[PDB]
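Asker: Next comes the structure file start-v1.cif, holding mmCIF, N, CA and C atoms.
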```cif
data_data
#
loop_
_atom_site.label_atom_id
_atom_site.label_comp_id
_atom_site.auth_asym_id
_atom_site.auth_seq_id
_atom_site.Cartn_x
_atom_site.Cartn_y
_atom_site.Cartn_z
N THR A 1 -6.51 -52.02 -3.01
CA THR A 1 -6.17 -50.60 -3.11
C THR A 1 -6.30 -49.96 -1.74
N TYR A 2 -5.26 -49.23 -1.32
CA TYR A 2 -5.25 -48.50 -0.07
C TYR A 2 -4.81 -47.06 -0.33
N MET A 3 -4.74 -46.27 0.74
CA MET A 3 -4.40 -44.86 0.65
C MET A 3 -3.20 -44.57 1.54
N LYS A 4 -2.42 -43.55 1.15
CA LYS A 4 -1.21 -43.17 1.87
C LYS A 4 -1.12 -41.66 1.90
N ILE A 5 -1.38 -41.06 3.06
CA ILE A 5 -1.20 -39.62 3.22
C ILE A 5 0.29 -39.32 3.10
N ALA A 6 0.69 -38.71 1.98
CA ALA A 6 2.10 -38.41 1.76
C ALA A 6 2.61 -37.38 2.76
N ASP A 7 1.88 -36.27 2.90
CA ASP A 7 2.24 -35.23 3.85
C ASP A 7 0.99 -34.43 4.17
N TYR A 8 1.12 -33.53 5.14
CA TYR A 8 0.02 -32.67 5.57
C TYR A 8 0.10 -31.27 4.98
N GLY A 9 1.27 -30.65 5.05
CA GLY A 9 1.46 -29.32 4.50
C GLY A 9 1.23 -28.22 5.52
N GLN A 10 1.68 -27.02 5.16
CA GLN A 10 1.62 -25.87 6.05
C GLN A 10 0.38 -25.02 5.77
N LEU A 11 0.02 -24.21 6.76
CA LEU A 11 -1.08 -23.26 6.67
C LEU A 11 -0.56 -21.91 7.14
N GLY A 12 -0.90 -20.84 6.40
CA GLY A 12 -0.39 -19.50 6.65
C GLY A 12 -0.25 -19.13 8.11
N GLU A 13 0.91 -18.61 8.50
CA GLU A 13 1.34 -18.60 9.89
C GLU A 13 1.44 -17.19 10.46
N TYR A 14 0.92 -17.04 11.68
CA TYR A 14 1.36 -16.05 12.66
C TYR A 14 1.72 -14.68 12.10
N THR A 15 0.77 -14.02 11.44
CA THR A 15 0.94 -12.64 11.02
C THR A 15 0.27 -11.72 12.04
N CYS A 16 1.06 -10.82 12.64
CA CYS A 16 0.49 -9.90 13.62
C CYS A 16 -0.36 -8.84 12.94
N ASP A 17 0.15 -8.29 11.84
CA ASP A 17 -0.55 -7.28 11.06
C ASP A 17 -0.52 -7.69 9.60
N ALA A 18 -1.53 -7.22 8.85
CA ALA A 18 -1.75 -7.69 7.49
C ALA A 18 -0.60 -7.36 6.56
N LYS A 19 0.12 -8.38 6.10
CA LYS A 19 1.07 -8.24 5.01
C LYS A 19 0.66 -9.01 3.77
N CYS A 20 -0.32 -9.91 3.88
CA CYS A 20 -0.96 -10.60 2.76
C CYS A 20 0.07 -11.31 1.86
N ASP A 21 0.78 -12.25 2.47
CA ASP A 21 1.70 -13.10 1.72
C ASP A 21 1.35 -14.58 1.82
N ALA A 22 1.15 -15.10 3.03
CA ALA A 22 0.84 -16.51 3.24
C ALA A 22 -0.66 -16.65 3.50
N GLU A 23 -1.44 -16.62 2.42
CA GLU A 23 -2.89 -16.74 2.56
C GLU A 23 -3.32 -18.20 2.66
N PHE A 24 -3.04 -19.00 1.63
CA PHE A 24 -3.59 -20.34 1.53
C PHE A 24 -2.63 -21.45 1.94
N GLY A 25 -1.32 -21.19 1.97
CA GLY A 25 -0.41 -22.27 2.30
C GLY A 25 -0.37 -23.34 1.22
N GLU A 26 0.03 -24.54 1.62
CA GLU A 26 0.14 -25.66 0.69
C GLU A 26 -0.16 -26.97 1.41
N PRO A 27 -1.20 -27.70 1.01
CA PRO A 27 -1.50 -28.99 1.66
C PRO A 27 -0.81 -30.18 1.00
N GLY A 28 -1.03 -31.37 1.55
CA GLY A 28 -0.37 -32.58 1.10
C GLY A 28 -1.22 -33.42 0.17
N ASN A 29 -0.81 -34.68 0.02
CA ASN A 29 -1.39 -35.61 -0.95
C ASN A 29 -2.08 -36.76 -0.23
N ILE A 30 -2.72 -37.63 -1.02
CA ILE A 30 -3.44 -38.78 -0.48
C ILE A 30 -2.92 -40.07 -1.09
N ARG A 31 -2.42 -40.00 -2.33
CA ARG A 31 -1.54 -41.02 -2.92
C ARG A 31 -2.18 -42.41 -2.89
N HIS A 32 -3.25 -42.55 -3.67
CA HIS A 32 -3.89 -43.85 -3.86
C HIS A 32 -2.90 -44.88 -4.39
N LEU A 33 -2.96 -46.10 -3.85
CA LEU A 33 -2.03 -47.16 -4.18
C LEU A 33 -2.78 -48.45 -4.49
N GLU A 34 -2.03 -49.46 -4.93
CA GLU A 34 -2.59 -50.75 -5.34
C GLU A 34 -1.63 -51.86 -4.92
N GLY A 35 -1.82 -53.06 -5.48
CA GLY A 35 -0.98 -54.21 -5.19
C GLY A 35 -1.64 -55.55 -5.46
N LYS A 36 -0.89 -56.48 -6.06
CA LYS A 36 -1.38 -57.79 -6.49
C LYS A 36 -0.80 -58.91 -5.63
N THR A 37 -1.07 -60.15 -6.04
CA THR A 37 -0.60 -61.35 -5.34
C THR A 37 -0.16 -62.40 -6.35
N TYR A 38 0.65 -63.35 -5.88
CA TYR A 38 1.36 -64.29 -6.74
C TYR A 38 1.04 -65.74 -6.33
N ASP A 39 1.67 -66.70 -7.03
CA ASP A 39 1.25 -68.09 -6.94
C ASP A 39 2.37 -69.03 -7.37
N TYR A 40 2.33 -70.26 -6.84
CA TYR A 40 3.44 -71.22 -6.94
C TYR A 40 3.34 -72.14 -8.15
N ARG A 41 2.28 -72.96 -8.21
CA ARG A 41 1.97 -73.80 -9.37
C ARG A 41 3.09 -74.81 -9.70
N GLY A 42 3.25 -75.78 -8.80
CA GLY A 42 4.14 -76.90 -9.03
C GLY A 42 3.40 -78.22 -9.25
N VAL A 43 4.14 -79.21 -9.76
CA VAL A 43 3.60 -80.52 -10.11
C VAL A 43 4.68 -81.59 -9.91
N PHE A 44 4.28 -82.85 -10.05
CA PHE A 44 5.15 -84.02 -9.99
C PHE A 44 4.36 -85.24 -10.44
N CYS A 45 5.07 -86.32 -10.77
CA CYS A 45 4.43 -87.51 -11.32
C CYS A 45 5.28 -88.76 -11.13
N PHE A 46 4.64 -89.84 -10.66
CA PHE A 46 5.19 -91.19 -10.67
C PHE A 46 4.30 -92.04 -11.57
N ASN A 47 4.78 -93.22 -11.98
CA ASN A 47 3.97 -93.88 -13.00
C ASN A 47 2.80 -94.70 -12.43
N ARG A 48 3.01 -95.96 -12.05
CA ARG A 48 2.05 -96.71 -11.23
C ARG A 48 2.72 -97.72 -10.32
N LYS A 49 3.89 -98.21 -10.71
CA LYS A 49 4.50 -99.37 -10.07
C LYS A 49 5.68 -99.01 -9.19
N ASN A 50 6.58 -98.15 -9.68
CA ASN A 50 7.65 -97.64 -8.84
C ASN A 50 7.12 -96.90 -7.62
N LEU A 51 5.83 -96.59 -7.59
CA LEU A 51 5.17 -96.05 -6.41
C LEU A 51 4.45 -97.11 -5.59
N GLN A 52 4.09 -98.23 -6.20
CA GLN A 52 3.33 -99.28 -5.53
C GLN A 52 4.24 -100.30 -4.85
N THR B 1 9.35 36.15 -10.52
CA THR B 1 8.77 35.71 -11.79
C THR B 1 7.25 35.82 -11.76
N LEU B 2 6.68 35.81 -10.56
CA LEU B 2 5.23 35.97 -10.42
C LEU B 2 4.81 37.43 -10.52
N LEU B 3 5.56 38.32 -9.88
CA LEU B 3 5.20 39.73 -9.84
C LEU B 3 6.45 40.60 -9.90
N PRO B 4 6.67 41.33 -10.99
CA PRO B 4 7.85 42.20 -11.08
C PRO B 4 7.63 43.51 -10.34
N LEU B 5 8.76 44.13 -9.98
CA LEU B 5 8.70 45.40 -9.26
C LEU B 5 8.11 46.51 -10.12
N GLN B 6 8.22 46.40 -11.44
CA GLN B 6 7.66 47.42 -12.32
C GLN B 6 6.14 47.49 -12.22
N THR B 7 5.50 46.35 -11.94
CA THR B 7 4.05 46.36 -11.76
C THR B 7 3.65 47.10 -10.49
N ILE B 8 4.48 47.00 -9.45
CA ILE B 8 4.22 47.73 -8.21
C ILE B 8 4.27 49.23 -8.45
N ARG B 9 5.36 49.70 -9.06
CA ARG B 9 5.55 51.14 -9.25
C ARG B 9 4.56 51.73 -10.24
N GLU B 10 3.90 50.90 -11.05
CA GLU B 10 2.92 51.39 -12.01
C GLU B 10 1.50 51.36 -11.48
N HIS B 11 1.14 50.33 -10.70
CA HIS B 11 -0.19 50.29 -10.11
C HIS B 11 -0.30 51.22 -8.91
N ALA B 12 0.69 51.20 -8.03
CA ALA B 12 0.66 52.02 -6.83
C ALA B 12 1.05 53.47 -7.10
N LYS B 13 1.18 53.85 -8.37
CA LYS B 13 1.30 55.26 -8.75
C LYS B 13 2.55 55.89 -8.13
N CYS B 14 3.66 55.15 -8.18
CA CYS B 14 4.94 55.63 -7.67
C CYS B 14 6.05 55.45 -8.70
N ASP B 15 5.70 55.33 -9.98
CA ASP B 15 6.71 55.20 -11.02
C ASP B 15 7.55 56.47 -11.13
N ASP B 16 6.91 57.63 -11.24
CA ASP B 16 7.66 58.87 -11.32
C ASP B 16 8.32 59.20 -9.98
N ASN B 17 7.51 59.36 -8.94
CA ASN B 17 8.02 59.64 -7.60
C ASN B 17 8.20 58.34 -6.85
N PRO B 18 9.42 57.98 -6.45
CA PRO B 18 9.62 56.65 -5.84
C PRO B 18 8.90 56.47 -4.51
N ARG B 19 9.10 57.39 -3.56
CA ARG B 19 8.49 57.36 -2.23
C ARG B 19 9.04 56.20 -1.40
N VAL B 20 9.87 55.35 -2.01
CA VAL B 20 10.48 54.21 -1.33
C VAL B 20 11.58 53.66 -2.22
N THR B 21 12.61 53.09 -1.61
CA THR B 21 13.70 52.47 -2.35
C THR B 21 13.29 51.06 -2.79
N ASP B 22 14.25 50.29 -3.30
CA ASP B 22 13.95 48.99 -3.89
C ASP B 22 13.96 47.86 -2.87
N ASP B 23 14.97 47.81 -1.99
CA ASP B 23 15.04 46.71 -1.03
C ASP B 23 13.90 46.77 -0.02
N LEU B 24 13.46 47.98 0.35
CA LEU B 24 12.28 48.11 1.18
C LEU B 24 11.04 47.60 0.45
N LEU B 25 10.97 47.84 -0.86
CA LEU B 25 9.88 47.28 -1.65
C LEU B 25 9.98 45.77 -1.74
N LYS B 26 11.21 45.24 -1.79
CA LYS B 26 11.39 43.79 -1.76
C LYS B 26 10.89 43.21 -0.44
N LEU B 27 11.21 43.87 0.68
CA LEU B 27 10.68 43.43 1.97
C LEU B 27 9.17 43.58 2.02
N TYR B 28 8.64 44.65 1.43
CA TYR B 28 7.19 44.81 1.35
C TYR B 28 6.55 43.70 0.54
N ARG B 29 7.13 43.38 -0.62
CA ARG B 29 6.54 42.37 -1.50
C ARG B 29 6.53 41.00 -0.83
N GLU B 30 7.60 40.66 -0.12
CA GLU B 30 7.61 39.41 0.65
C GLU B 30 6.54 39.44 1.74
N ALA B 31 6.33 40.60 2.36
CA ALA B 31 5.33 40.72 3.41
C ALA B 31 3.93 40.52 2.85
N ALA B 32 3.63 41.14 1.71
CA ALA B 32 2.32 40.97 1.10
C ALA B 32 2.12 39.56 0.57
N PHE B 33 3.20 38.87 0.21
CA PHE B 33 3.11 37.50 -0.28
C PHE B 33 3.08 36.47 0.84
N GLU B 34 3.60 36.81 2.02
CA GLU B 34 3.52 35.92 3.17
C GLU B 34 2.25 36.11 3.97
N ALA B 35 1.35 36.97 3.50
CA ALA B 35 0.09 37.25 4.18
C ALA B 35 -1.10 36.58 3.50
N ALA B 36 -1.11 36.54 2.17
CA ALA B 36 -2.21 35.91 1.46
C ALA B 36 -2.13 34.39 1.53
N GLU B 37 -0.92 33.83 1.65
CA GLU B 37 -0.77 32.38 1.63
C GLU B 37 -1.51 31.73 2.80
N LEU B 38 -1.33 32.28 4.01
CA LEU B 38 -1.94 31.71 5.20
C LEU B 38 -3.33 32.26 5.49
N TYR B 39 -3.78 33.28 4.75
CA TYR B 39 -5.14 33.75 4.93
C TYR B 39 -6.13 32.93 4.11
N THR B 40 -5.69 32.40 2.97
CA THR B 40 -6.58 31.70 2.05
C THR B 40 -6.48 30.19 2.16
N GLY B 41 -5.46 29.67 2.84
CA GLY B 41 -5.29 28.24 3.02
C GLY B 41 -4.51 27.57 1.91
N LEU B 42 -4.69 28.04 0.68
CA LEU B 42 -4.00 27.49 -0.47
C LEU B 42 -2.49 27.55 -0.29
N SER B 43 -1.85 26.39 -0.38
CA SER B 43 -0.40 26.32 -0.28
C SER B 43 0.27 27.06 -1.45
N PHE B 44 1.60 27.09 -1.41
CA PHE B 44 2.39 28.12 -2.07
C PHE B 44 3.70 27.50 -2.56
N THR B 45 4.84 27.94 -2.05
CA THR B 45 6.13 27.35 -2.44
C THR B 45 5.98 26.09 -3.28
N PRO B 46 6.23 26.19 -4.59
CA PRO B 46 6.03 25.06 -5.50
C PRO B 46 6.01 23.70 -4.82
N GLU B 47 4.83 23.23 -4.42
CA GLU B 47 4.69 21.90 -3.80
C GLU B 47 5.41 21.71 -2.47
N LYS B 48 5.00 20.69 -1.72
CA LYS B 48 5.62 20.40 -0.43
C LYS B 48 5.24 18.98 -0.08
N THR B 49 5.93 18.33 0.86
CA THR B 49 5.48 16.99 1.22
C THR B 49 5.50 16.87 2.74
N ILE B 50 4.34 16.59 3.32
CA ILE B 50 4.18 16.53 4.77
C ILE B 50 3.99 15.08 5.19
N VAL B 51 4.81 14.63 6.13
CA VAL B 51 4.58 13.38 6.85
C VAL B 51 3.84 13.73 8.13
N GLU B 52 2.66 13.16 8.31
CA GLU B 52 1.77 13.60 9.39
C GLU B 52 0.96 12.45 9.95
N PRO B 53 1.19 12.05 11.20
CA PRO B 53 0.33 11.03 11.81
C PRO B 53 -1.07 11.58 12.06
N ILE B 54 -2.06 10.88 11.55
CA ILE B 54 -3.46 11.29 11.67
C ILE B 54 -4.05 10.63 12.91
N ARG B 55 -4.94 11.37 13.58
CA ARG B 55 -5.60 10.90 14.80
C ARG B 55 -7.08 10.69 14.51
N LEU B 56 -7.62 9.57 14.98
CA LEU B 56 -9.02 9.25 14.74
C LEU B 56 -9.93 10.27 15.42
N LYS B 57 -11.05 10.57 14.76
CA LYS B 57 -12.06 11.48 15.30
C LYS B 57 -13.43 10.99 14.83
N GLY B 58 -14.20 10.42 15.75
CA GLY B 58 -15.51 9.90 15.45
C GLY B 58 -15.52 8.38 15.40
N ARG B 59 -16.73 7.83 15.40
CA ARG B 59 -16.89 6.38 15.38
C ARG B 59 -16.62 5.80 14.00
N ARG B 60 -16.90 6.55 12.93
CA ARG B 60 -16.57 6.11 11.58
C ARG B 60 -15.24 6.67 11.09
N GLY B 61 -14.53 7.42 11.93
CA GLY B 61 -13.19 7.87 11.61
C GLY B 61 -13.12 9.05 10.66
N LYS B 62 -13.70 10.18 11.06
CA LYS B 62 -13.51 11.41 10.29
C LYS B 62 -12.06 11.86 10.40
N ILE B 63 -11.41 12.05 9.26
CA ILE B 63 -9.99 12.37 9.20
C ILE B 63 -9.81 13.61 8.33
N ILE B 64 -9.35 14.70 8.95
CA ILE B 64 -9.03 15.93 8.24
C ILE B 64 -7.52 16.04 8.10
N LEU B 65 -7.06 16.33 6.89
CA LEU B 65 -5.64 16.50 6.63
C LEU B 65 -5.25 17.96 6.85
N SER B 66 -4.23 18.18 7.66
CA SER B 66 -3.84 19.54 8.00
C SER B 66 -3.15 20.28 6.86
N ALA B 67 -3.09 19.75 5.64
CA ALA B 67 -2.40 20.44 4.56
C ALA B 67 -3.11 20.35 3.22
N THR B 68 -4.32 19.76 3.16
CA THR B 68 -5.20 19.70 1.99
C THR B 68 -4.44 19.39 0.70
N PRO B 69 -4.07 18.14 0.47
CA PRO B 69 -3.28 17.79 -0.73
C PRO B 69 -3.97 18.22 -2.02
N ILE B 70 -3.23 18.10 -3.13
CA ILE B 70 -3.44 18.98 -4.28
C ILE B 70 -4.84 18.85 -4.87
N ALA B 71 -5.11 17.75 -5.58
CA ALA B 71 -6.50 17.46 -5.94
C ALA B 71 -6.81 15.97 -5.90
N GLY B 72 -5.84 15.14 -6.26
CA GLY B 72 -6.13 13.74 -6.47
C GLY B 72 -5.03 12.75 -6.17
N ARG B 73 -3.97 13.17 -5.50
CA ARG B 73 -2.89 12.23 -5.24
C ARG B 73 -3.25 11.33 -4.07
N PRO B 74 -3.13 10.01 -4.21
CA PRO B 74 -3.58 9.10 -3.14
C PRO B 74 -2.72 9.24 -1.90
N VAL B 75 -3.34 9.63 -0.79
CA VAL B 75 -2.64 9.77 0.48
C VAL B 75 -2.53 8.40 1.13
N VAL B 76 -1.36 8.10 1.69
CA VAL B 76 -1.09 6.78 2.27
C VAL B 76 -1.21 6.86 3.78
N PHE B 77 -1.75 5.80 4.38
CA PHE B 77 -1.89 5.69 5.82
C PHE B 77 -1.21 4.41 6.30
N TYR B 78 -0.68 4.46 7.52
CA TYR B 78 0.02 3.31 8.08
C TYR B 78 0.11 3.49 9.59
N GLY B 79 0.46 2.39 10.27
CA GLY B 79 0.64 2.40 11.71
C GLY B 79 -0.64 2.53 12.50
N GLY B 80 -0.55 2.34 13.82
CA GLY B 80 -1.69 2.49 14.71
C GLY B 80 -2.84 1.56 14.40
N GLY B 81 -2.63 0.26 14.58
CA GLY B 81 -3.66 -0.73 14.32
C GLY B 81 -3.97 -0.98 12.86
N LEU B 82 -3.42 -0.19 11.95
CA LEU B 82 -3.64 -0.38 10.52
C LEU B 82 -2.55 -1.32 10.01
N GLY B 83 -2.93 -2.57 9.75
CA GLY B 83 -1.93 -3.59 9.46
C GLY B 83 -1.18 -3.34 8.16
N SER B 84 -1.91 -3.04 7.09
CA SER B 84 -1.32 -2.88 5.77
C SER B 84 -1.60 -1.47 5.27
N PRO B 85 -0.61 -0.76 4.74
CA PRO B 85 -0.85 0.59 4.24
C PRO B 85 -1.79 0.57 3.05
N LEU B 86 -2.54 1.66 2.90
CA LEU B 86 -3.49 1.79 1.80
C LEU B 86 -3.55 3.24 1.36
N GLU B 87 -3.91 3.44 0.10
CA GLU B 87 -3.99 4.77 -0.48
C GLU B 87 -5.38 5.37 -0.27
N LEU B 88 -5.49 6.66 -0.57
CA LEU B 88 -6.77 7.37 -0.45
C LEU B 88 -6.69 8.64 -1.27
N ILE B 89 -7.56 8.77 -2.27
CA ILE B 89 -7.60 9.94 -3.13
C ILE B 89 -8.55 10.96 -2.51
N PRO B 90 -8.07 12.14 -2.10
CA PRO B 90 -8.85 13.01 -1.22
C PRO B 90 -9.74 14.02 -1.93
N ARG B 91 -10.40 14.86 -1.13
CA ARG B 91 -11.23 15.93 -1.67
C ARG B 91 -10.35 17.07 -2.18
N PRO B 92 -10.63 17.62 -3.36
CA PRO B 92 -9.97 18.87 -3.76
C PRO B 92 -10.70 20.07 -3.17
N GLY B 93 -9.95 20.96 -2.54
CA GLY B 93 -10.53 22.15 -1.95
C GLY B 93 -10.80 22.01 -0.47
N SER B 94 -11.23 20.82 -0.05
CA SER B 94 -11.45 20.51 1.35
C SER B 94 -10.56 19.34 1.76
N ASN B 95 -10.40 19.17 3.07
CA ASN B 95 -9.54 18.13 3.61
C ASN B 95 -10.28 17.12 4.47
N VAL B 96 -11.60 17.22 4.58
CA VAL B 96 -12.37 16.30 5.40
C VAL B 96 -12.53 14.98 4.66
N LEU B 97 -11.93 13.93 5.19
CA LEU B 97 -12.05 12.57 4.67
C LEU B 97 -12.59 11.66 5.78
#
```
Starting from the file, give its structure as structure tokens.
Answerer:
Amino acid sequence: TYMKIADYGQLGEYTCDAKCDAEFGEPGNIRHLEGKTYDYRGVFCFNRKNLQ
Amino acid sequence: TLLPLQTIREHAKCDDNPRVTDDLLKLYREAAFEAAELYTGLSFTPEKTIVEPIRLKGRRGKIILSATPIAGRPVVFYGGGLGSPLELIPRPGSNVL
């Protein structure tokens, strides 16, 4: 399991005088992720003599 | 509608003997009505609306309104370092805020 910052987001910007619109802004995500692994699992066979 | 001419001629004891015509009495009545308004401070002409930039006075900002609004209407302030306008319900009778 790993983490992926999806985005950062904005923070209320550049108001010279109080208009009280962009107070908190909007931040991003952290988006926890996962992932598995796989395997081959092969076989073969000879008898005793065609190999000897 | 506030004061009829008949009240003048009856109180001032000139109903029988005029001692003055009517238009001169009209000019007199306007004169007597334009004298009490500014002597007592109380406004007159059915309501009025003044736009007036206020100037700071004092460290805590004593603000007197030059027209003493009615009794309770919120006065709005804006401009001059004041970022967002805000209301203010003032004193009735006095204008010191």
Asker: Residues of chain B within 6.5 Å of chain A, counting all atoms listed in the file, what are they? List them as a list in words.
Answerer: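 My answer is residues 82, 83 and 84 of chain B.
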Asker: Could you name the residues that touch residue A:29 at 6.5 Å or less, counting only N, CA and C atoms, but leaving out those on the same chain fewer than 5 positions away, as a list in words?
Answerer: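 Once the nearby chain positions are removed, what remains is residues 4, 5, 6, 7 and 8 of chain A.
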Asker: Please report the interatomic distance between atom N of residue B:86 and atom C of residue B:74 in Å with one decimal.
Answerer: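 These atoms are spaced 9.0 Å apart.
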Asker: List, as a ChimeraX atom specification, every residue that the PyMOL selection byres ((chain B and resi 56-72) around 6) selects in the file provided.
Answerer: /B:54-55,73-74,89-97
Asker: Quote the spacing between atom N of residue B:6 and atom N of residue B:20 in Å to one decimal place.
Answerer: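 So the answer is 13.1 Å.
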Asker: Would you work out the distance separating atom C of residue A:3 from atom CA of residue A:22, expressed in Å to one decimal?
Answerer: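 Atom-to-atom, atom C of residue A:3 to atom CA of residue A:22, that is 28.4 Å.
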Asker: Which residues come within 9 Å of residue A:23, counting only C-alpha atoms, excluding same-chain residues fewer than 4 positions away, as a ChimeraX atom specification?
Answerer: /A:11-13
Asker: Can you tell me which residues surround residue B:3 at a distance of at most 12 Å, considering only C-alpha atoms, apart from same-chain residues fewer than 2 positions away, and format the answer as a PyMOL selection string?
Answerer: chain B and resi 1+5-9+11+26+29-30+32-33
Asker: Find the axis-aligned box for stretch 2-15 of chain A, covering all its listed atoms and adding 5 Å on each side, and write its centre and edge lengths in Å to one decimal as lines of an AutoDock Vina configuration file.
Answerer:
```
center_x = -1.3
center_y = -30.5
center_z = 5.7
size_x = 17.9
size_y = 47.5
size_z = 24.0
```
Asker: Selection in question (the file shown): the PyMOL selection byres (((chain A and resi 34 and name CA) around 8) and name CA). Which residues does it include, as a ChimeraX atom specification?
Answerer: /A:1-2,32-33,35-36
Asker: Can stretch 8-20 of chain A be brought up to N, CA, C and O atoms and written out as a short mmCIF file (atom, residue, chain, number, x, y, z; two decimals), in the frame of the given file?
Answerer:
```cif
data_model
loop_
_atom_site.label_atom_id
_atom_site.label_comp_id
_atom_site.auth_asym_id
_atom_site.auth_seq_id
_atom_site.Cartn_x
_atom_site.Cartn_y
_atom_site.Cartn_z
N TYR A 8 1.12 -33.53 5.14
CA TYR A 8 0.02 -32.67 5.57
C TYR A 8 0.10 -31.27 4.98
O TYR A 8 -0.89 -30.76 4.45
N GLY A 9 1.27 -30.65 5.05
CA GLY A 9 1.46 -29.32 4.50
C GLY A 9 1.23 -28.22 5.52
O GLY A 9 0.66 -28.43 6.59
N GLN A 10 1.68 -27.02 5.16
CA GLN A 10 1.62 -25.87 6.05
C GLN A 10 0.38 -25.02 5.77
O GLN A 10 -0.24 -25.10 4.70
N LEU A 11 0.02 -24.21 6.76
CA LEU A 11 -1.08 -23.26 6.67
C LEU A 11 -0.56 -21.91 7.14
O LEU A 11 0.15 -21.84 8.15
N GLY A 12 -0.90 -20.84 6.40
CA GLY A 12 -0.39 -19.50 6.65
C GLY A 12 -0.25 -19.13 8.11
O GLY A 12 -1.20 -19.31 8.89
N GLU A 13 0.91 -18.61 8.50
CA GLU A 13 1.34 -18.60 9.89
C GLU A 13 1.44 -17.19 10.46
O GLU A 13 1.92 -16.27 9.80
N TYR A 14 0.92 -17.04 11.68
CA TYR A 14 1.36 -16.05 12.66
C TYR A 14 1.72 -14.68 12.10
O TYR A 14 2.85 -14.22 12.26
N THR A 15 0.77 -14.02 11.44
CA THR A 15 0.94 -12.64 11.02
C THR A 15 0.27 -11.72 12.04
O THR A 15 -0.93 -11.85 12.31
N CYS A 16 1.06 -10.82 12.64
CA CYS A 16 0.49 -9.90 13.62
C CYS A 16 -0.36 -8.84 12.94
O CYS A 16 -1.46 -8.52 13.39
N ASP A 17 0.15 -8.29 11.84
CA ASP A 17 -0.55 -7.28 11.06
C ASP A 17 -0.52 -7.69 9.60
O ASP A 17 0.37 -8.41 9.15
N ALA A 18 -1.53 -7.22 8.85
CA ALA A 18 -1.75 -7.69 7.49
C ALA A 18 -0.60 -7.36 6.56
O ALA A 18 -0.35 -6.18 6.26
N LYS A 19 0.12 -8.38 6.10
CA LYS A 19 1.07 -8.24 5.01
C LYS A 19 0.66 -9.01 3.77
O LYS A 19 1.27 -8.81 2.71
N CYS A 20 -0.32 -9.91 3.88
CA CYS A 20 -0.96 -10.60 2.76
C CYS A 20 0.07 -11.31 1.86
O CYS A 20 0.20 -11.03 0.67
#
```
